[PDB]
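Report on the following structure.
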2 protein chains.
Amino acid sequence: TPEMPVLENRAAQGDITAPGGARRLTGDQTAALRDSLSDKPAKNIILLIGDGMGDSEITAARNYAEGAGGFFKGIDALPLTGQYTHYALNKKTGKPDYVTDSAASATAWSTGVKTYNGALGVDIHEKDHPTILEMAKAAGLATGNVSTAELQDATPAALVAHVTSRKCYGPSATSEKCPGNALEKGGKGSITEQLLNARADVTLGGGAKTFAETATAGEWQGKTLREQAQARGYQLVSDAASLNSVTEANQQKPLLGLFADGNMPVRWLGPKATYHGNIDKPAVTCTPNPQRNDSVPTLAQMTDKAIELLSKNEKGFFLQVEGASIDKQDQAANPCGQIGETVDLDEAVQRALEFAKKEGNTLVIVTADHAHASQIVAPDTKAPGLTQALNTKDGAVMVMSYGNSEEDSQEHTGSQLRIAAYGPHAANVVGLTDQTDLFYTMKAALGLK
Amino acid sequence: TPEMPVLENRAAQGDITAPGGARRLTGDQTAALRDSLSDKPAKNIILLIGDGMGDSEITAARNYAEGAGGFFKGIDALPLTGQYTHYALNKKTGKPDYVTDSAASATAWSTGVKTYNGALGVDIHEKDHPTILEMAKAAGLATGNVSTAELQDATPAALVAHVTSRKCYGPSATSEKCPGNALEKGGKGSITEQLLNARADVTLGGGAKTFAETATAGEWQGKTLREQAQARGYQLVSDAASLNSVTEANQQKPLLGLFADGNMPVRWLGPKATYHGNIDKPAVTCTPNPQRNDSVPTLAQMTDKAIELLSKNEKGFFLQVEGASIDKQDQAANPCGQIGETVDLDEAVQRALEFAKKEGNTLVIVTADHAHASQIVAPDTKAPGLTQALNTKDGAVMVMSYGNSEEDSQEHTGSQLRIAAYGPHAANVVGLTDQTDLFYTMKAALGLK
Ligand SMILES: [Mg+2]
Ligand SMILES: [Mg+2]
Ligand SMILES: [Zn+2]
Ligand SMILES: [Zn+2]
Ligand SMILES: [Zn+2]
Ligand SMILES: [Zn+2]
């Protein structure tokens, strides 16, 4: 009988110093693999995104948190793996732009068309194109948009919004930065306002600050975005205790949890990498962030509730879970913050895999939007940028380096990265593919049309 | 009827600026993938190694040489893809050392045991472990070691030598650096001397300078290694014309092609990346190296002759082909040298695939020993290191950055990287695995004892 399996253990089998003791497999894969291939329809889809989580970011967090011959119960457990390209286009010339930002890349997987960096839901001609979420809804599936960033940030926003610039978070930014989108200029509106329009059953993340602006035009003009929200029938939740009370999230009782002003809190603290830090300074060991909270639902927590609330919908559902801050810490050149965010995501992947595993008609996908700056280097390295030596779980040190930007932020990079899936149609991620392929893969598995 | 396919075309299907025009797939993969799964015995094995070829290196060369939405006929054509870790061990503590060198990495895939950086065919206790090459010979299969580096370099040497240090190239380096291996101290010998002893049917590379040293002890002492070679029955070939004349390679007429003093010549010329090169200097366009030659066999040429010569062996064969200078140009901070060497290996993968495709019982594998330094960044980047702007195939510029070493050489890095295969047992690379797994995978597909 055909049951699709999760790689349960890819950890180094024994004594890493002894022959074959560092092997990760116990026997031939053929059958296991031939047992995880199915073309049946996907009833639901859970797309987990580690912002900036390339293979470097994955390897680095593993070494610290699980040891080199370790294994990530979530991230590393998806059996079907590939590599996908994420280049953008230069708005002016339609020619590839090798390093994408999180806006253009999101647009690609959510709409199938490529775009200029900074765009959301529009192509180089600034023409809207419907997002997979919008399509799930029209079809009648339940829909979830969950993140650890502000909900107006590129990754989550790209599901609900179509503006010419990611910066048009709300009423004012928009008027000035996206006039042709500005309500009063008769546009569809700012990102937050377009978010309120799209009505996803479950929307959870930070970014409450912006909801405190008021409309310049339209029916709810003169009153805040926070107001219109409840006035439009939204059920709002600010802490975890209340998040749990929620027993229904639907088109009449749609949930909107704003758990932080800007970005929800990072899991681990640690200092910034610094010029010659692996030599001048002593090895660091990450420290859990005391202010991350009992009142703040973890990502894992948000994902579980969402899958629970979205599972009651008979027809099936679409959920996009985003571990936001990996990218934000990485450009920040903070190993500890970076790593903490990846483990943090490992939990969300796990919750997701636990459900699909039983449900049986769930395609779970884990990937990133683009690659980033961090590199794992030798302990004795003399580098041009910011480095830092960390004490890993092996009790050996690891040196992380960020050296592609003299400015404040460490730069995104452009290499192809890991794309992994599990479930009906996961075959479609194996081998080399393009980020726009993800959109088409998700539309067919769902039979969306 | 069960025929295993090669991804024919994962090129951007259409107008990269139009909806779904940038997709790489044309339909559902499930069946193609089901069709490429087989646990039959591998009759032969071809192991293509891109030194330092991580995903960044792969993505970069494609962008330049094929276009962003391009597709590499060899490298990207392998249907089953995975990611594998290559950490080394600290000799002293047996703990993991996250950034491996080319010697310790090679040791792993060729013997199954982890080892300290700089080691070749011995573990941290310095005890020898038999290489996959030695076992293929012992079992009766034909065997080849083809590279574009010096045959005493780590990658090719790891197949036939067991020395406590990669530096013990020949008679004298060894005496002073691997005394316990030195012939006169009663050891097995230098790397070159051990190579002449292993006697693979076909060995082709550069590194002819070392063959001009003499033995200090032993039967052929006092005479050069070049001499010992022909006296030991090796048929030597120095150029491409004579390489071709060769209609036989076997244990009595074993082939030794030494095509260059040091490392054979690089495919393309271009200047070094430099501090603020993408701003200060103009975009670069690679130029083919006129000193490459009509007399110097390409890597694709060596591979073809080897498969040819090794196919005569009824029983099957083991061939390891190395695209050597990728890693060498990379640390050199030379985008063009780097990118050419990848292109160069793409042709060798294609020959391999062409054969494997028709023979029908060949497992083709393509991977790297470790990730490297180069990163693809934004054109406007201000970086601490060495950078350069290249005019790609798309007629748009791409910026390459190397910023993990102030020293002369850019450092290897440690994230997991692509591993891809084709053929019987190719399943065993899909997912996350360790480099030592490749050995056990190759062992079993060959049935090796
Ligand atoms: Mg994001
Ligand atoms: Mg090499
Ligand atoms: Zn991003
Ligand atoms: Zn970013
Ligand atoms: Zn190497
Ligand atoms: Zn190297």
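We label chains A, B, ... in the order they appear in the structure tokens, count residues from 1 in each chain, and number ligands from 1 in the order shown.
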
Sorted by chain and rising residue number, which residues of chain A lie within 7 Å of ligand 1, and what are their closest atom pairs and distances in Å to one decimal, counting only C-alpha atoms and all ligand atoms, as a Markdown table?
```
| residue | atom | partner | partner_atom_place_in_ligand_line | distance |
| --- | --- | --- | --- | --- |
| A:51 | CA | ligand 1 | 1 (Mg) | 5.0 |
| A:102 | CA | ligand 1 | 1 (Mg) | 6.3 |
| A:149 | CA | ligand 1 | 1 (Mg) | 6.4 |
| A:153 | CA | ligand 1 | 1 (Mg) | 6.3 |
| A:154 | CA | ligand 1 | 1 (Mg) | 5.8 |
| A:155 | CA | ligand 1 | 1 (Mg) | 4.3 |
| A:156 | CA | ligand 1 | 1 (Mg) | 6.9 |
| A:322 | CA | ligand 1 | 1 (Mg) | 6.7 |
| A:324 | CA | ligand 1 | 1 (Mg) | 4.6 |
```

Nearby residues (only C-alpha atoms) at most 10 Å from range 381-387 of chain B, same-chain spacing under 4 positions excluded, as a ChimeraX atom specification
/A:383-386,402-407,410-411 /B:272-279,281,333-335,374-377,399-406,410

Produce a file of the selected residues containing N, CA and C atoms, as a compact mmCIF listing (two decimals), in the first residue's frame.
```
# COMPACT_ATOMS: atom_id res chain seq x y z
N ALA A 383 39.77 38.08 6.60
CA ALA A 383 38.86 38.54 5.55
C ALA A 383 38.68 40.06 5.45
N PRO A 384 38.18 40.56 4.30
CA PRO A 384 37.93 41.97 3.99
C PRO A 384 36.76 42.57 4.75
N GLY A 385 35.79 41.73 5.12
CA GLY A 385 34.63 42.21 5.83
C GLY A 385 34.42 41.97 7.33
N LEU A 386 33.21 41.50 7.63
CA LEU A 386 32.77 41.24 8.96
C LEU A 386 32.70 39.74 9.12
N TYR A 402 30.76 37.82 6.13
CA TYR A 402 29.82 38.60 5.26
C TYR A 402 30.75 39.63 4.65
N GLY A 403 30.98 39.56 3.34
CA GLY A 403 31.89 40.51 2.75
C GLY A 403 31.56 40.95 1.34
N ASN A 404 30.28 41.17 1.08
CA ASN A 404 29.91 41.62 -0.23
C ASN A 404 29.32 43.02 -0.21
N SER A 405 29.56 43.75 0.87
CA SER A 405 29.06 45.11 0.93
C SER A 405 29.76 45.87 2.00
N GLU A 406 30.27 47.02 1.61
CA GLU A 406 30.94 47.94 2.52
C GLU A 406 29.87 48.71 3.25
N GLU A 407 28.72 48.95 2.61
CA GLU A 407 27.65 49.69 3.24
C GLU A 407 27.18 49.03 4.51
N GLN A 410 24.44 43.73 4.32
CA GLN A 410 25.10 42.74 3.55
C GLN A 410 24.08 42.37 2.46
N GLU A 411 24.58 42.29 1.23
CA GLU A 411 23.85 42.01 -0.01
C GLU A 411 23.30 40.61 -0.27
N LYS B 272 41.86 39.86 -13.45
CA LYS B 272 41.43 39.56 -12.07
C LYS B 272 40.42 40.57 -11.57
N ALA B 273 39.51 40.08 -10.70
CA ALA B 273 38.51 40.92 -10.04
C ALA B 273 39.41 41.82 -9.22
N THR B 274 38.94 42.99 -8.81
CA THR B 274 39.81 43.89 -8.04
C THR B 274 38.88 44.74 -7.22
N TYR B 275 39.47 45.42 -6.23
CA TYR B 275 38.77 46.34 -5.34
C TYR B 275 38.00 47.38 -6.16
N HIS B 276 36.69 47.39 -5.98
CA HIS B 276 35.81 48.31 -6.68
C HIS B 276 35.96 48.22 -8.17
N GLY B 277 36.13 47.02 -8.67
CA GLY B 277 36.29 46.85 -10.11
C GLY B 277 35.02 47.06 -10.88
N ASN B 278 33.88 46.76 -10.29
CA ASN B 278 32.63 46.93 -11.01
C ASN B 278 32.26 48.41 -11.11
N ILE B 279 32.94 49.30 -10.37
CA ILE B 279 32.61 50.71 -10.47
C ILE B 279 33.67 51.50 -11.23
N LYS B 281 36.40 50.16 -13.06
CA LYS B 281 36.68 49.63 -14.41
C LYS B 281 35.40 49.35 -15.22
N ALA B 333 40.62 34.82 -8.14
CA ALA B 333 39.74 35.97 -8.31
C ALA B 333 39.55 36.35 -9.78
N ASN B 334 39.49 35.32 -10.61
CA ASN B 334 39.40 35.45 -12.04
C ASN B 334 38.08 34.93 -12.62
N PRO B 335 37.04 35.76 -12.69
CA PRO B 335 35.76 35.31 -13.24
C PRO B 335 35.88 34.56 -14.56
N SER B 374 33.36 32.66 -4.89
CA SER B 374 32.57 33.58 -5.72
C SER B 374 31.13 33.74 -5.45
N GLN B 375 30.66 34.98 -5.45
CA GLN B 375 29.24 35.31 -5.24
C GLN B 375 28.81 36.28 -6.32
N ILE B 376 27.59 36.09 -6.79
CA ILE B 376 26.98 36.94 -7.82
C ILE B 376 26.27 38.06 -7.06
N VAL B 377 26.68 39.31 -7.22
CA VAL B 377 26.03 40.45 -6.54
C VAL B 377 25.48 41.51 -7.51
N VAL B 399 27.78 41.12 -11.86
CA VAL B 399 28.95 41.41 -11.04
C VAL B 399 29.41 40.24 -10.20
N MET B 400 30.70 39.92 -10.28
CA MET B 400 31.22 38.83 -9.46
C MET B 400 32.14 39.31 -8.34
N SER B 401 31.89 38.82 -7.14
CA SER B 401 32.59 39.24 -5.97
C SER B 401 33.26 38.08 -5.22
N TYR B 402 34.44 38.35 -4.68
CA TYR B 402 35.23 37.37 -3.93
C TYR B 402 35.68 38.14 -2.71
N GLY B 403 35.06 37.96 -1.55
CA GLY B 403 35.50 38.77 -0.44
C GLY B 403 35.72 38.09 0.86
N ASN B 404 36.31 36.90 0.85
CA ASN B 404 36.50 36.16 2.08
C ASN B 404 37.96 35.95 2.39
N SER B 405 38.83 36.71 1.72
CA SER B 405 40.26 36.66 2.03
C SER B 405 41.06 37.85 1.56
N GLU B 406 41.76 38.46 2.52
CA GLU B 406 42.67 39.59 2.28
C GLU B 406 43.93 39.00 1.72
N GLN B 410 41.56 33.44 -2.46
CA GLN B 410 40.20 33.49 -1.99
C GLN B 410 40.01 32.06 -1.48
```

DSSP alpha helix (DSSP H) selection over range 252-352 of chain A, as JSON, numbers by chain
{"A": [277, 278, 279, 280, 299, 300, 301, 302, 303, 304, 305, 306, 307, 308, 309, 310, 311, 325, 326, 327, 328, 329, 330, 331, 332, 335, 336, 337, 338, 339, 340, 341, 342, 343, 344, 345, 346, 347, 348, 349, 350, 351, 352]}

Selection to disk with C-alpha atoms, as an mmCIF file, in the first residue's frame:
```cif
data_model
loop_
_atom_site.group_PDB
_atom_site.id
_atom_site.type_symbol
_atom_site.label_atom_id
_atom_site.label_comp_id
_atom_site.auth_asym_id
_atom_site.auth_seq_id
_atom_site.Cartn_x
_atom_site.Cartn_y
_atom_site.Cartn_z
ATOM 1 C CA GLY A 277 36.205 39.188 14.599
ATOM 2 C CA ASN A 278 37.287 35.555 14.377
ATOM 3 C CA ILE A 279 40.800 36.581 15.425
ATOM 4 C CA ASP A 280 40.468 39.719 17.532
ATOM 5 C CA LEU A 299 6.091 30.749 14.048
ATOM 6 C CA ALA A 300 5.456 27.142 14.850
ATOM 7 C CA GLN A 301 2.551 28.260 16.885
ATOM 8 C CA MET A 302 1.110 30.425 14.128
ATOM 9 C CA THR A 303 1.425 27.636 11.590
ATOM 10 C CA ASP A 304 -0.313 25.073 13.736
ATOM 11 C CA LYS A 305 -3.379 27.243 14.396
ATOM 12 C CA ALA A 306 -3.561 28.230 10.833
ATOM 13 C CA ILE A 307 -3.447 24.623 9.567
ATOM 14 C CA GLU A 308 -6.119 23.845 12.282
ATOM 15 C CA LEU A 309 -8.406 26.797 11.306
ATOM 16 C CA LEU A 310 -7.802 26.215 7.599
ATOM 17 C CA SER A 311 -8.409 22.454 7.886
ATOM 18 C CA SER A 325 14.029 37.430 9.772
ATOM 19 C CA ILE A 326 16.754 35.059 8.415
ATOM 20 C CA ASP A 327 17.317 37.590 5.580
ATOM 21 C CA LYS A 328 16.997 40.601 7.855
ATOM 22 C CA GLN A 329 19.670 39.234 10.291
ATOM 23 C CA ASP A 330 21.926 38.002 7.501
ATOM 24 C CA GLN A 331 22.127 41.495 5.933
ATOM 25 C CA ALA A 332 22.538 42.703 9.471
ATOM 26 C CA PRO A 335 25.167 35.030 12.875
ATOM 27 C CA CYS A 336 23.134 34.285 15.983
ATOM 28 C CA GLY A 337 20.045 36.159 14.863
ATOM 29 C CA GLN A 338 20.361 34.518 11.428
ATOM 30 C CA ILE A 339 20.761 31.002 12.769
ATOM 31 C CA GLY A 340 18.082 31.372 15.328
ATOM 32 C CA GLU A 341 15.597 32.303 12.584
ATOM 33 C CA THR A 342 16.398 29.173 10.558
ATOM 34 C CA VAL A 343 15.804 26.784 13.540
ATOM 35 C CA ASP A 344 12.767 28.793 14.287
ATOM 36 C CA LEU A 345 11.563 27.836 10.739
ATOM 37 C CA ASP A 346 12.592 24.226 11.254
ATOM 38 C CA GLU A 347 9.784 24.000 13.758
ATOM 39 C CA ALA A 348 7.221 25.441 11.326
ATOM 40 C CA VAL A 349 8.390 22.958 8.659
ATOM 41 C CA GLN A 350 7.953 20.205 11.245
ATOM 42 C CA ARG A 351 4.432 21.180 12.255
ATOM 43 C CA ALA A 352 3.615 21.403 8.507
#
```

Selection: 7 Å around residue 107 in chain A, only C-alpha atoms, excl. self and same-chain fewer than 2 positions, as a ChimeraX atom specification
/A:103-105,109-111,120-121,158

Nearest to residue 416 in chain B by atom-to-atom distance, counting only C-alpha atoms, from A:58, A:438, A:18, A:49
A:58

Tell me which of A:378, A:139, A:198, A:390 sits closest to chain B, counting only C-alpha atoms.
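Among the listed residues, A:378 lies closest to chain B.
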
Residue contacts of range 233-249 of chain A (10 Å, only C-alpha atoms) excluding same-chain residues fewer than 2 positions away, as a PyMOL selection string
chain A and resi 142-144+196+199-206+208+226-231+251-260+293-298+301-302+305-306+308-310+312-313

Distance query residue 428 in chain A at most 12 Å, only C-alpha atoms, self and fewer than 5 positions along chain excluded, as an MDAnalysis selection string:
(chainID A and resid 37:39 80:84 363 365 419:423 433:435 437:442 444:445) or (chainID B and resid 23:34 79:80)

Could you write out that same residue set with N, CA, C and O atoms as a short mmCIF file (atom, residue, chain, number, x, y, z; two decimals), in the first residue's frame?
```cif
data_model
loop_
_atom_site.label_atom_id
_atom_site.label_comp_id
_atom_site.auth_asym_id
_atom_site.auth_seq_id
_atom_site.Cartn_x
_atom_site.Cartn_y
_atom_site.Cartn_z
N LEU A 37 6.44 9.36 -5.10
CA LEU A 37 6.06 9.95 -6.36
C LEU A 37 4.60 9.76 -6.67
O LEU A 37 4.15 8.62 -6.94
N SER A 38 3.87 10.86 -6.72
CA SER A 38 2.45 10.78 -7.02
C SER A 38 1.91 11.96 -7.82
O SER A 38 2.16 13.11 -7.52
N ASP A 39 1.11 11.68 -8.82
CA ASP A 39 0.52 12.75 -9.59
C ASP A 39 -0.90 13.08 -9.13
O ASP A 39 -1.54 13.98 -9.71
N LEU A 80 12.10 14.99 -1.75
CA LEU A 80 12.35 15.41 -3.14
C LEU A 80 13.01 16.80 -3.14
O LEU A 80 12.50 17.74 -2.59
N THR A 81 14.21 16.87 -3.71
CA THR A 81 15.01 18.10 -3.73
C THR A 81 15.54 18.54 -5.10
O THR A 81 16.01 17.71 -5.87
N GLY A 82 15.64 19.86 -5.31
CA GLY A 82 16.15 20.36 -6.59
C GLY A 82 16.92 21.65 -6.36
O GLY A 82 17.46 21.89 -5.27
N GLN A 83 16.98 22.47 -7.39
CA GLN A 83 17.66 23.76 -7.36
C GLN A 83 16.87 24.66 -8.32
O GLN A 83 16.58 24.24 -9.43
N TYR A 84 16.54 25.87 -7.91
CA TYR A 84 15.79 26.76 -8.78
C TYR A 84 16.38 28.16 -8.96
O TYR A 84 17.10 28.66 -8.07
N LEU A 363 0.81 18.88 -0.28
CA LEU A 363 2.12 19.15 -0.90
C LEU A 363 2.75 20.21 -0.01
O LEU A 363 2.22 21.31 0.14
N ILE A 365 6.15 22.39 0.58
CA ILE A 365 7.32 22.91 -0.12
C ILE A 365 8.15 23.84 0.80
O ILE A 365 7.61 24.71 1.49
N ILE A 419 15.38 23.72 -3.25
CA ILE A 419 13.95 23.78 -3.32
C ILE A 419 13.61 22.31 -2.93
O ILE A 419 14.20 21.34 -3.47
N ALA A 420 12.76 22.15 -1.93
CA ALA A 420 12.39 20.78 -1.51
C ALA A 420 10.91 20.70 -1.30
O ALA A 420 10.30 21.69 -0.95
N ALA A 421 10.32 19.54 -1.55
CA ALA A 421 8.88 19.31 -1.40
C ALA A 421 8.57 17.91 -0.87
O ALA A 421 9.42 17.04 -0.84
N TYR A 422 7.28 17.68 -0.65
CA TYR A 422 6.79 16.39 -0.17
C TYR A 422 5.30 16.30 -0.49
O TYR A 422 4.55 17.22 -0.16
N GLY A 423 4.88 15.24 -1.18
CA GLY A 423 3.46 15.05 -1.43
C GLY A 423 3.04 14.97 -2.88
O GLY A 423 3.87 14.91 -3.79
N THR A 433 14.89 24.09 -11.92
CA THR A 433 13.66 24.77 -12.28
C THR A 433 13.71 26.27 -12.00
O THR A 433 14.70 26.81 -11.49
N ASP A 434 12.72 26.98 -12.51
CA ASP A 434 12.67 28.40 -12.28
C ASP A 434 11.63 28.72 -11.22
O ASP A 434 10.73 27.90 -10.97
N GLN A 435 11.87 29.79 -10.48
CA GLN A 435 10.94 30.23 -9.47
C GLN A 435 9.48 30.40 -10.00
O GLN A 435 8.54 30.32 -9.22
N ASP A 437 8.14 28.51 -12.10
CA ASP A 437 7.62 27.17 -12.22
C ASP A 437 6.86 26.78 -10.98
O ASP A 437 5.91 26.02 -11.08
N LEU A 438 7.27 27.30 -9.81
CA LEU A 438 6.59 27.01 -8.55
C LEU A 438 5.12 27.38 -8.58
O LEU A 438 4.22 26.66 -8.05
N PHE A 439 4.85 28.49 -9.23
CA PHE A 439 3.49 28.97 -9.37
C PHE A 439 2.66 27.97 -10.19
O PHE A 439 1.59 27.53 -9.76
N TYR A 440 3.21 27.54 -11.32
CA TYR A 440 2.48 26.63 -12.17
C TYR A 440 2.32 25.26 -11.56
O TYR A 440 1.30 24.58 -11.79
N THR A 441 3.33 24.84 -10.81
CA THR A 441 3.29 23.61 -10.09
C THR A 441 2.15 23.68 -9.02
O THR A 441 1.35 22.74 -8.87
N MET A 442 2.05 24.79 -8.31
CA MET A 442 1.06 24.90 -7.27
C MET A 442 -0.36 25.01 -7.83
O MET A 442 -1.29 24.46 -7.27
N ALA A 444 -1.55 23.64 -10.76
CA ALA A 444 -1.98 22.31 -11.21
C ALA A 444 -2.21 21.31 -10.04
O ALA A 444 -3.21 20.58 -10.06
N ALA A 445 -1.30 21.23 -9.05
CA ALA A 445 -1.49 20.28 -7.95
C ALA A 445 -2.84 20.54 -7.31
O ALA A 445 -3.56 19.61 -6.94
N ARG B 23 9.28 29.81 -17.43
CA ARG B 23 9.13 28.47 -16.88
C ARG B 23 10.16 27.61 -17.52
O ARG B 23 10.58 27.95 -18.61
N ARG B 24 10.62 26.57 -16.81
CA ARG B 24 11.61 25.64 -17.34
C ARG B 24 10.95 24.30 -17.60
O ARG B 24 11.51 23.47 -18.31
N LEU B 25 9.76 24.09 -17.04
CA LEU B 25 9.08 22.82 -17.29
C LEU B 25 7.91 23.05 -18.25
O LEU B 25 7.46 24.18 -18.35
N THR B 26 7.52 22.01 -18.99
CA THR B 26 6.45 22.05 -19.97
C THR B 26 5.24 21.18 -19.54
O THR B 26 4.16 21.26 -20.19
N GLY B 27 5.42 20.40 -18.47
CA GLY B 27 4.37 19.53 -17.97
C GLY B 27 4.77 18.84 -16.67
O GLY B 27 5.85 19.10 -16.09
N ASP B 28 3.92 17.95 -16.19
CA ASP B 28 4.21 17.28 -14.94
C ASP B 28 5.35 16.28 -15.02
O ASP B 28 5.39 15.41 -15.90
N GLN B 29 6.22 16.37 -14.02
CA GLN B 29 7.40 15.54 -13.91
C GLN B 29 7.29 14.12 -13.40
O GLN B 29 8.15 13.30 -13.70
N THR B 30 6.28 13.84 -12.58
CA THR B 30 6.11 12.56 -11.97
C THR B 30 6.49 11.33 -12.76
O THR B 30 7.18 10.45 -12.26
N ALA B 31 6.06 11.23 -13.99
CA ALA B 31 6.39 10.05 -14.72
C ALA B 31 7.84 9.98 -15.14
O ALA B 31 8.45 8.92 -15.03
N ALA B 32 8.37 11.09 -15.67
CA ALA B 32 9.74 11.15 -16.16
C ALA B 32 10.56 10.68 -15.03
O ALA B 32 11.30 9.71 -15.20
N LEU B 33 10.33 11.27 -13.83
CA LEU B 33 11.09 10.90 -12.63
C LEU B 33 10.87 9.41 -12.24
O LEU B 33 11.82 8.68 -11.96
N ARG B 34 9.63 8.94 -12.23
CA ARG B 34 9.42 7.52 -11.96
C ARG B 34 10.30 6.67 -12.91
O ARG B 34 11.03 5.80 -12.44
N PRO B 79 18.90 14.35 -14.20
CA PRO B 79 17.56 14.37 -13.57
C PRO B 79 17.39 14.29 -12.08
O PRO B 79 16.48 14.90 -11.55
N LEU B 80 18.25 13.55 -11.38
CA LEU B 80 18.14 13.39 -9.93
C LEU B 80 19.24 14.20 -9.28
O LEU B 80 20.41 13.91 -9.43
#
```

Taking the backbone alone, and naming residues the way the document does, which bits of range 202-317 of chain B are strand (DSSP E or B) by DSSP, as a list in words?
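Going through range 202-317 of chain B, the strand (DSSP E or B) residues come out as residues 202, 203, 204, 205, 206, 214, 215, 221, 224, 235, 236, 237, 255, 256, 257, 258, 268, 269, 274, 284, 287, 288 and 317 of chain B.
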
To one decimal place in Å, what is the distance between atom 1 (Mg, counted along the ligand's line) of ligand 2 and CA of residue 99 in chain B?
15.2 Å

Surrounding residues of residue 188 in chain A excluding itself and chain neighbours under 4 positions, 10 Å, only C-alpha atoms, as a VMD selection string:
chain A and resid 161 to 163 180 to 184 193 to 194 197

Report as a PDB file with C-alpha atoms, in the first residue's frame all protein, DNA and RNA residues lying within 12 Å of residue 186 in chain A, evaluated on only C-alpha atoms, omitting residues in the same chain fewer than 5 positions from it.
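Result file is result15.pdb:
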```
ATOM      1  CA  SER A 175       0.196  58.586  -2.371  1.00  0.00           C
ATOM      2  CA  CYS A 178       2.623  54.754  -5.928  1.00  0.00           C
ATOM      3  CA  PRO A 179       0.268  57.558  -7.197  1.00  0.00           C
ATOM      4  CA  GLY A 180      -1.352  55.408  -9.906  1.00  0.00           C
ATOM      5  CA  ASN A 181      -2.213  53.002  -7.085  1.00  0.00           C
ATOM      6  CA  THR A 216      -7.655  59.337   2.147  1.00  0.00           C
ATOM      7  CA  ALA A 217     -10.434  58.184  -0.019  1.00  0.00           C
ATOM      8  CA  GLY A 218     -13.060  55.466  -0.214  1.00  0.00           C
TER       9      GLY A 218
END
```

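Of note, CA of residue 101 in chain B and CA of residue 367 in chain A are spaced 28.5 Å apart.
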
Please, what distance in Å, to one decimal, runs between CA of residue 13 in chain A and CA of residue 448 in chain B?
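Between these atoms lies a distance of 21.6 Å.
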
For chain B, which residue out of A:59, A:224, A:320, A:210 is the nearest one, using only C-alpha atoms?
A:59
